[PDB]
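Take a look at this one; I'll ask things after.
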RNA sequence: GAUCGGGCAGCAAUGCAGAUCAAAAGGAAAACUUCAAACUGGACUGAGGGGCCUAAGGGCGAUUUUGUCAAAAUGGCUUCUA
RNA sequence: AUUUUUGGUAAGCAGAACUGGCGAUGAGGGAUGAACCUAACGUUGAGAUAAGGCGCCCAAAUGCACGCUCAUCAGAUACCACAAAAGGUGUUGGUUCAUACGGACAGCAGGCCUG
RNA sequence: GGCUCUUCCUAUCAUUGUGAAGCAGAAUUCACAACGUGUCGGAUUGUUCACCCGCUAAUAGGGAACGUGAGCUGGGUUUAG
RNA sequence: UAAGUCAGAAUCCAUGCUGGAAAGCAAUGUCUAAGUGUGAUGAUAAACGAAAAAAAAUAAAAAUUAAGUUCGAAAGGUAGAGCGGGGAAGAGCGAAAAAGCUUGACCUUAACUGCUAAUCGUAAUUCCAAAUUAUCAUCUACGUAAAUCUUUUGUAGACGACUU
Ligand SMILES: [Mg+2]
Ligand SMILES: [Mg+2]
Ligand SMILES: [Mg+2]
Ligand SMILES: [Mg+2]
Ligand SMILES: [Mg+2]
Ligand SMILES: [Mg+2]
Ligand SMILES: [Mg+2]
Ligand SMILES: [Mg+2]
Ligand SMILES: [Mg+2]
Ligand SMILES: [Mg+2]
Ligand SMILES: [Mg+2]
Ligand SMILES: [Mg+2]
Ligand SMILES: [Mg+2]
Ligand SMILES: [Mg+2]
Ligand SMILES: [Mg+2]
Ligand SMILES: [Mg+2]
Ligand SMILES: [Mg+2]
Ligand SMILES: [Mg+2]
């Protein structure tokens with residue numbers, strides 16, 4: 001149903017921005033198309049809600065118009081870091097980052113390792 | 001645009017947009033096949049689009065109706081006229097472009113198997129405010145007397161049923177191979193790859 | 001619609017064969033030979049069962065026998081006469097009886 | 001393309017209005033005198049533009065023309081804190097094909113410049129106003145006791161939640177753009 | 001033998017020449033490189049050498065023939081790039097695939 | 001402008017059970033089960049609690065907003081419908097020519113003859129869930145009973161309308177079969 | 001320290017938490033404008049055929065290396081195509 | 001042709017003034033087209049533009065942000081191919097006067113008032 | 001100008017389904033969706049028109065180089081008596 | 001009436017009807033002498049993984065924001081090996097444009113081992129696959145079915161055409 005809302009103090013993913021791939025929190029809703037954004041890795045921004053994706057992390061400790069500092073603290077106490085880090089989303093994301101850094105030999109390896117996973121399964125026993 | 005043959009599933013696609021895309025693709029060398037044309041969408045009252053198609057039925061070559069325009073009533077051809085409209089179709093180049101496109105209603109034999117594709121920008125859900133009016137092509141071609149709607153439905157159901165077979169088999173076995181992937185010998189290699197940046 | 005298949009009998013009399021020819025008497029009259037020598041009742045039944053399986057409409061292929069009249073033309077006529085009755089299967093049974 | 005410092009990093013998100021103070025004096029320019037200085041607040045996109053706005057209003061309001069005076073200075077004003085949301089009132093006169101009108105408008109934004117930019121876009125879209133025609137009489141950052149508009153007061157509550165009902169698919173960079181993909185997106 | 005072993009060339013498409021409604025420069029072809037999308041990415045190929053291969057009657061024991069050129073510049077903000085060849089490309093070429101090659105590596 | 005949230009609250013009382021799946025509403029009470037399909041509106045129909053049913057619409061425009069209260073009210077009708085049914089009485093009105101009536105045992109069909117002395121036969125088949133009845137004491141009336149408001153009101157309609165008088169001043173003639181009593185509780 | 005509210009409390013009287021403005025004493029930083037210093041990848045071009053000239057540094061307007069080419073090869077012609 | 005102009009109900013009518021232009025003039029833009037918009041021409045390559053554009057025919061954004069709009073006759077713009085007086089509980093802004101828990105509007109109530 | 005023939009318009013004469021009335025019925029009038037089909041026989045006049053005699057569901061108004069002369073006709077108009 | 005529903009016209013679309021050289025498609029009769037005949041040269045708006053089958057739903061869900069996936073991918077050799085790949089016949093199934101899926105004589109191939117790569121001289125398409133089909137030349141077969149003209153009919157006709 002509707003469980004995940006855009007609320008004062010929401011945990012949001014910044015996509016399609018200079019800030020893409022970065023989590024943030026929402027202090028105020030400016031009109032219906034824009035929210036006010038903050039976090040440890042991001043300046044205080046205004047962003048069209050369009051560019052953002054709701055993360056299903058709601059921090060009820062956050063307060064309307066909270067100063068950058070206090071927010072950063074509350075965020076830290078919440079472990080957006082650990083919690084998000086376990087997410088299927090961030091797991092996949094990191095895996096991607098991994099694939100990013102691979103050289104000719106790395107690929108080749110992965111290919112021989114890929115062939116083996118195939119041709120070897122008959123090892124019952 | 002470089003895949004050897006794209007096959008698009010026109011369902012829930014908007015006519016004009018799917019049109020322009022397929023048109024460009026065509027101009028630039030992509031050989032396309034569109035399917036399930038009867039499933040394409042148009043923005044407006046089914047009424048309004050019937051008014052419109054009627055208005056078109058009304059145009060004709062005066063002294064000799066059997067010269068020039070043929071008013072085609074099947075969804076396939078509706079779409080086809082749509083695309084031909086967006087190419088320079090009297091140009092030899094335009095011709096080629098056209099020859100690249102083939103279109104059907106429902107999903108005919110050669111195309112059961114090949115993977116059907118979607119143009120994201122062309123989707124009714126993507127393009128149209130939810131509460132605004134729309135039609136499915138086959139409804140229009142109904143009002144204009146294309147008789148095959150019922151048949152196509154039946155035929156589609158038939159093919160849906162073959163799908164459940166494919167899929168189910170594919171699932172069963174593909175779970176069994178994932179289970180035996182968790183066995184010792186291979187669990188090793190799995191770990192090797194994960195570390196490798198799976 | 002489309003023709004799925006045609007089930008021919010063993011007996012196709014010369015005059016009907018005439019249909020396929022412009023002149024019967026200067027021809028070696030080779031028509032249907034292979035249908036004769038190779039004729040396997042089993043297969044026919046198989047075809048009829050086929051029709052039962054896949055078919056919407058059933059028609060009988062019919063024969064105007066011109067030899068019964070006194071006119072010049074002796075070359076018969078070959079018609080499709082469609083069969084209207086409730087169930088495809090029974091249509092087929094009927095057709096066969098004919 | 002000259003940005004004022006208080007504009008956003010993305011030029012897209014807001015108009016190029018900035019708020020100016022311009023001040024000038026009757027040309028005769030007598031030395032030891034204690035001149036009458038005429039000062040006014042204009043919204044423009046330039047210093048030049050601001051000067052124009054200035055003079056227009058000034059020649060309407062008083063005897064002065066430009067050959068009759070001198071521009072002492074043009075100083076851009078900035079908004080205090082871009083950390084909070086504020087409700088701004090604005091008082092306008094604009095010119096519609098029939099006649100001239102006084103309007104009062106409110107916007108919830110982080111800047112008075114933002115308040116203005118939003119005001120202009122709105123006035124174009126809803127009223128077909130021409131920028132050149134628009135005259136902003138007075139502008140106030142609003143105290144809550146003073147905010148009168150329903151679409152303004154609409155947003156005061158902490159319990160505010162928008163589900164995002166429909167997500168229109170928008171790839172992250174261009175590098176990811178494909179016309180046709182092998183499976184259908186979702187909304188949610 | 002089933003295929004060629006390694007093909008080191010990127011696939012490009014020939015869009016047309018650089019044109020205005022009523023006018024065209026046939027000196028500058030336009031290509032779209034596979035999986036090349038924005039000006040940034042196109043830039044990466046700036047100096048690169050590109051081939052046009054086609055077949056025909058035997059000329060010096062080879063049934064193919066060639067025109068060589070280089071991608072010079074980004075054309076417009078999706079992935080499109082001007083190419084210059086030795087002989088301005090024949091126009092039927094438009095429907096076709098050209099070979100971007102990575103040869104120009106310099107310090 | 002565009003409205004943020006709009007809600008409407010439907011009470012559910014004793015002996016009523018309600019089901020919302022993908023906009024498809026079911027209501028089962030003592031008198032039976034009624035279902036309706038709302039697929040045409042973008043509205044949110046919240047999982048009903050035996051107490052209530054909450055309907056919400058988000059990011060809406062004035063036109064959209066009305067669909068809420070209207071879907072709601074339709075539900076009100078489904079509920080009240082399965083609690084106490086709906087009964088209508090239609091008075092059968094004629095000046096000179098007595099309207100003659102034959103209603104079947106199903107209560108599913110009506111024959112009307114002799115309307116304005118016309119020699120034509122009127123045939124009206126009642127909608128599903130609708131039963132037509134006439135007693136000895138009814139004093140020239142028809143009674144249409146059912147759970148679903150629509151099917152019953154509509155059956156009444158089809159009846160009243162089959163008998164519209166034509167090609168004469170309608171204000172003098174006035175023959176016809178009209179609804180006397182609407183929204184009765186049994 | 002002073003206001004305020006789209007807080008939690010509290011039955012109320014009151015407290016916890018905010019946000020805005022902010023004394024003396026301290027810290028640590030962003031955006032814009034202007035003006036400067038410097039790195040790396042491309043495209044098009046090479047007109048001219050000297051020993052003269054100087055601000056003593058150079059200027060005067062491309063050089064180097066390598067590969068292929070005997071076969072109708074290159075250029076052209078007739079015809080056709082886009 | 002712009003602006004100004006006289007006769008004429010008016011005219012792609014008939015007359016005048018200043019500056020152009022078209023004739024005598026091509027190129028890009030107004031799909032199209034003498035007098036509009038940019039812009040004035042030797043043969044040729046590059047670059048960056050004007051006018052105008054960038055969903056496809058078509059080079060270039062299905063760019064990024066705002067406001068407003070659903071037409072069972074939508075709309076889509078200079079010169080340009082026409083619309084008026086008059087109307088609308090369609091929708092959105094704004095103007096000026098008003099009501100409300102010292103409980104309003106409306107409905108149902110009940111005896112102007114009252115639940 | 002008529003004859004011949006085809007097609008289009010709708011500012012509908014009739015026919016279909018309706019709304020309205022100072023609509024009792026009958027007849028009539030105003031309006032809507034609407035040409036799908038039909039819209040005739042003679043006096044006098046070269047006639048377009050006009051006027052009369054009639055039948056008719058009705059005897060609607062128009063366009064197509066004032067539709068239609070290598071389709072007629074030649075009465076009218078406009079050479080030479 | 002805004003969503004949502006009924007009724008409802010000489011209207012519209014169909015049904016019926018006439019065309020139907022739509023350079024559309026199907027079923028069926030017979031024939032195509034001799035071979036799953038070979039050789040050379042060629043053309044195909046586009047071969048170098050030009051790789052890839054769930055179905056449905058976008059106000060759904062217990063839960064997953066992008067095919068931003070997954071699979072394949074080693075020397076355009078030889079000798080062995082053989083994970084694996086492809087498949088005769090016949091028998092199964094399969095029809096929306098029957099495209100193919102199963103079994104299967106057998107045909108084949110990857111790790112690993114040995115030879116062979118270099119003088120194609122610091123680049124110049126990496127000319128090889130698959131589906132089609134033209135031309136020239138030739139080897140075998142010197143046959144088979146049918147049509148047309150010269151006749152015939154008048155159910156047709158200017159002539160061709162048509163019925164017979
Ligand atoms: Mg009436
Ligand atoms: Mg009457
Ligand atoms: Mg040559
Ligand atoms: Mg002027
Ligand atoms: Mg004049
Ligand atoms: Mg002038
Ligand atoms: Mg001028
Ligand atoms: Mg002259
Ligand atoms: Mg000129
Ligand atoms: Mg140039
Ligand atoms: Mg868009
Ligand atoms: Mg009318
Ligand atoms: Mg009148
Ligand atoms: Mg006469
Ligand atoms: Mg005439
Ligand atoms: Mg005379
Ligand atoms: Mg209906
Ligand atoms: Mg009509």
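Laboratory data are not the source of any read-out in this text; all were calculated from the coordinates shown. Please note: Cβ atoms are built from the backbone with ideal geometry, for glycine as well, and neighbour counts cover all protein chains shown.
Among the residues in the stretch D:54-68, are any away from chain A (no Cβ under 14 Å), away from RNA strand H (no atom under 16 Å from the Cβ), under 17 Å from the mean Cα position of the chain (by Cα) and surrounded by 14 or more Cβ atoms within 10 Å (Cβ to Cβ)?
yes
Over 21 Å from residue A:30 (Cα atoms) and touching a residue at least 24 places away in the same chain (Cβ under 8 Å): does that describe residue A:93?
Details: over 21 Å from residue A:30 (Cα atoms): yes; touching a residue at least 24 places away in the same chain (Cβ under 8 Å): yes.
Criteria met by residue A:93.
Could you list, in sequence order, all residues of the stretch E:55-93 that are in contact (Cβ under 8 Å) with a residue 60 or more places away in the chain and assigned to a loop (DSSP other than H, G, I, E, B)?
Scanning the stretch E:55-93 gives E:88, E:89.
So, in the stretch B:138-155, exactly how many residues are touching a residue at least 60 places away in the same chain (Cβ under 8 Å), near RNA strand J (Cβ under 6 Å from one of its atoms) and either out of contact with any helix residue (DSSP H, G or I) (no Cβ under 7 Å at 6 or more places or on another chain) or not in a loop (DSSP other than H, G, I, E, B) (or both)?
Result for the stretch B:138-155: 1.
A further question on this structure: For the stretch F:127-150: of the residues being touching a strand residue (DSSP E or B) at 6+ places or on another chain (Cβ under 6 Å), closer than 25 Å to residue F:78 by Cβ and part of a loop (DSSP other than H, G, I, E, B), which is farthest from RNA strand J (Cβ to nearest atom)?
F:147
Yes or no: the stretch F:71-93 includes at least one residue that is within 14 Å of chain B (Cβ to nearest Cβ) and within 16 Å of RNA strand J (Cβ to nearest atom). Steps first, answer last, please.
First, the residues of the stretch F:71-93 that are within 14 Å of chain B (Cβ to nearest Cβ): F:71.
Narrowing further to those that are within 16 Å of RNA strand J (Cβ to nearest atom): F:71.
Scanning the stretch F:71-93 turns up at least one residue that is within 14 Å of chain B (Cβ to nearest Cβ) and within 16 Å of RNA strand J (Cβ to nearest atom).
Exposed (fewer than 15 other Cβ atoms within 10 Å of the Cβ), in contact with a strand residue (DSSP E or B) (Cβ under 9 Å, 6 or more places away or on another chain), in contact (Cβ under 8 Å) with a residue 40 or more places away in the chain and farther than 26 Å from residue F:43 by Cβ, is that true of residue D:148?
On the way: exposed (fewer than 15 other Cβ atoms within 10 Å of the Cβ): yes; in contact with a strand residue (DSSP E or B) (Cβ under 9 Å, 6 or more places away or on another chain): yes; in contact (Cβ under 8 Å) with a residue 40 or more places away in the chain: yes; farther than 26 Å from residue F:43 by Cβ: yes.
In short, yes.
Tell me yes or no: at least one residue of the stretch B:115-137 is surrounded by 13 or more Cβ atoms within 10 Å (Cβ to Cβ), more than 14 Å from every other protein chain (Cβ to nearest Cβ), free of Cβ contacts under 8 Å to residues at least 60 places away in the same chain and more than 16 Å from RNA strand I (Cβ to nearest atom).
no
May I ask you to list pairs of residues, at least six apart or on different chains, whose Cβ atoms are under 6 Å apart, with the first in the stretch D:74-94 being within 14 Å of another protein chain (Cβ to nearest Cβ) and over 22 Å from residue D:147 (Cα atoms) and the second being within 16 Å of RNA strand H (Cβ to nearest atom) and part of a loop (DSSP other than H, G, I, E, B)?
none
Conditions tested, residue by residue: (1) in contact (Cβ under 8 Å) with a residue 40 or more places away in the chain; (2) more than 25 Å from residue F:31 (Cα to Cα); (3) within 16 Å of RNA strand I (Cβ to nearest atom).
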residue: F:102; (1), (2), (3): no, yes, no
residue: F:135; (1), (2), (3): no, no, no
residue: F:156; (1), (2), (3): yes, no, no
residue: F:180; (1), (2), (3): yes, no, no
residue: F:185; (1), (2), (3): yes, no, no
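Let me ask you something else. Under the condition of being outside any strand (DSSP E or B) and within 14 Å of chain B (Cβ to nearest Cβ), which residue from the stretch E:94-104 is nearest to RNA strand H (Cβ to nearest atom)? Step through it out loud before you land on a result.
First, pick out the residues of the stretch E:94-104 that are outside any strand (DSSP E or B): E:94-96, E:102-104.
Keeping just the survivors that are within 14 Å of chain B (Cβ to nearest Cβ) gives E:94-96.
Numbers: E:94: 10, E:95: 13, E:96: 16 Å.
Of everything passing the filter in the stretch E:94-104, E:94 is nearest to RNA strand H (Cβ to nearest atom).
Can you find, within the stretch B:90-105, the residue that is farthest from the chain's Cα centre (by Cα) among those that are closer than 24 Å to residue B:36 by Cα and assigned to a loop (DSSP other than H, G, I, E, B)?
Looking at the filtered set, the residue picked out is B:101.
What about residue B:25, is it buried (at least 22 other Cβ atoms within 10 Å of the Cβ) and in a helix (DSSP H, G or I)?
On the way: buried (at least 22 other Cβ atoms within 10 Å of the Cβ): no; in a helix (DSSP H, G or I): yes.
Answer is no for this residue.
With D:94, D:88 as the choices, which residue is surrounded by 15 or more Cβ atoms within 10 Å (Cβ to Cβ) and away from RNA strand G (no atom under 14 Å from the Cβ)? Explain how you work it out, then say what you get.
Working: D:88 fails: away from RNA strand G (no atom under 14 Å from the Cβ).
It is D:94.
Sort out for me the helices (runs of 4 or more DSSP H) sitting completely within the stretch A:1-107 that have 2 or more residues that are within 14 Å of chain B (Cβ to nearest Cβ) and surrounded by 14 or more Cβ atoms within 10 Å (Cβ to Cβ).
Values: elements: A:68-78, A:80-86, A:88-100.
Per the criteria, A:88-100.
Could you tell me which numbered condition residue B:178 fails, if it satisfies all but one of (1) out of contact with any helix residue (DSSP H, G or I) (no Cβ under 8 Å at 6 or more places or on another chain); (2) surrounded by 10 or more Cβ atoms within 10 Å (Cβ to Cβ)?
(2) is the only condition that residue B:178 fails.
Consider residue D:71 carefully, then state whether it is more than 16 Å from RNA strand I (Cβ to nearest atom), assigned to a loop (DSSP other than H, G, I, E, B), farther than 27 Å from residue D:144 by Cα and touching a helix residue (DSSP H, G or I) at 6+ places or on another chain (Cβ under 9 Å). Explain how you work it out, then say what you get.
Details: more than 16 Å from RNA strand I (Cβ to nearest atom): yes; assigned to a loop (DSSP other than H, G, I, E, B): no; farther than 27 Å from residue D:144 by Cα: yes; touching a helix residue (DSSP H, G or I) at 6+ places or on another chain (Cβ under 9 Å): yes.
Here the answer is no, as residue D:71 does not meet what is asked.
Based on what the data block shows, is residue B:172 farther than 16 Å from residue B:39 by Cα, away from chain A (no Cβ under 14 Å) and surrounded by fewer than 17 Cβ atoms within 10 Å (Cβ to Cβ)?
Values: farther than 16 Å from residue B:39 by Cα: yes; away from chain A (no Cβ under 14 Å): yes; surrounded by fewer than 17 Cβ atoms within 10 Å (Cβ to Cβ): yes.
The answer is yes for residue B:172.
Also, I was wondering about something else. Restricting the search to the stretch D:106-130, which residues are surrounded by 13 or more Cβ atoms within 10 Å (Cβ to Cβ), free of Cβ contacts under 8 Å to residues at least 24 places away in the same chain and away from chain A (no Cβ under 14 Å)?
Result: D:124, single match.
Now for a different question. With respect to residue B:48, is the statement that it is surrounded by fewer than 21 Cβ atoms within 10 Å (Cβ to Cβ), assigned to a helix (DSSP H, G or I), away from chain E (no Cβ under 14 Å) and in contact with a helix residue (DSSP H, G or I) (Cβ under 7 Å, 6 or more places away or on another chain) true?
Numbers: surrounded by fewer than 21 Cβ atoms within 10 Å (Cβ to Cβ): yes; assigned to a helix (DSSP H, G or I): yes; away from chain E (no Cβ under 14 Å): yes; in contact with a helix residue (DSSP H, G or I) (Cβ under 7 Å, 6 or more places away or on another chain): no.
No.
Just the residues that are within 14 Å of chain B (Cβ to nearest Cβ), part of a loop (DSSP other than H, G, I, E, B) and either more than 14 Å from the chain's Cα centre (by Cα) or within 16 Å of RNA strand H (Cβ to nearest atom) (or both), please, taken from the stretch E:4-21.
Keep residues of the stretch E:4-21 that are within 14 Å of chain B (Cβ to nearest Cβ), which gives E:7, E:9-17, E:19, E:21.
Filter once more, so that each one left must be part of a loop (DSSP other than H, G, I, E, B): E:7, E:9, E:21.
Within the stretch E:4-21, E:7, E:21 qualify.
So which of E:74, E:107 ends up being within 14 Å of chain D (Cβ to nearest Cβ) and either within 16 Å of RNA strand I (Cβ to nearest atom) or over 30 Å from residue B:95 (Cβ atoms) (or both)? I'd like the intermediate steps shown before the answer.
Values: E:107 fails: within 14 Å of chain D (Cβ to nearest Cβ).
After applying the criteria, what remains is E:74.
Still on this structure: Checking the structure you have, find out if any residue of the stretch F:151-167 is surrounded by fewer than 14 Cβ atoms within 10 Å (Cβ to Cβ), more than 14 Å from chain B (Cβ to nearest Cβ), over 21 Å from residue F:102 (Cβ atoms) and within 16 Å of RNA strand J (Cβ to nearest atom).
yes
Restricted to the stretch E:30-54, and to residues that are more than 12 Å from RNA strand J (Cβ to nearest atom) and in a strand (DSSP E or B), which residue is nearest to residue E:88 (Cα to Cα)? Reasoning before the result, please.
Initially, the stretch E:30-54 is screened for residues more than 12 Å from RNA strand J (Cβ to nearest atom), giving E:30-33, E:36, E:38-48.
The next check asks that each one be in a strand (DSSP E or B); those that pass are E:30-33, E:38.
Values: E:30: 12, E:31: 13, E:32: 17, E:33: 19, E:38: 25 Å.
Restricting to residues being more than 12 Å from RNA strand J (Cβ to nearest atom) and in a strand (DSSP E or B), the top hit is E:30.
Scan the stretch F:21-41 for residues that are surrounded by 18 or more Cβ atoms within 10 Å (Cβ to Cβ) and either free of Cβ contacts under 8 Å to residues at least 24 places away in the same chain or touching a strand residue (DSSP E or B) at 6+ places or on another chain (Cβ under 6 Å) (or both) and jot them down.
F:25, F:27, F:34
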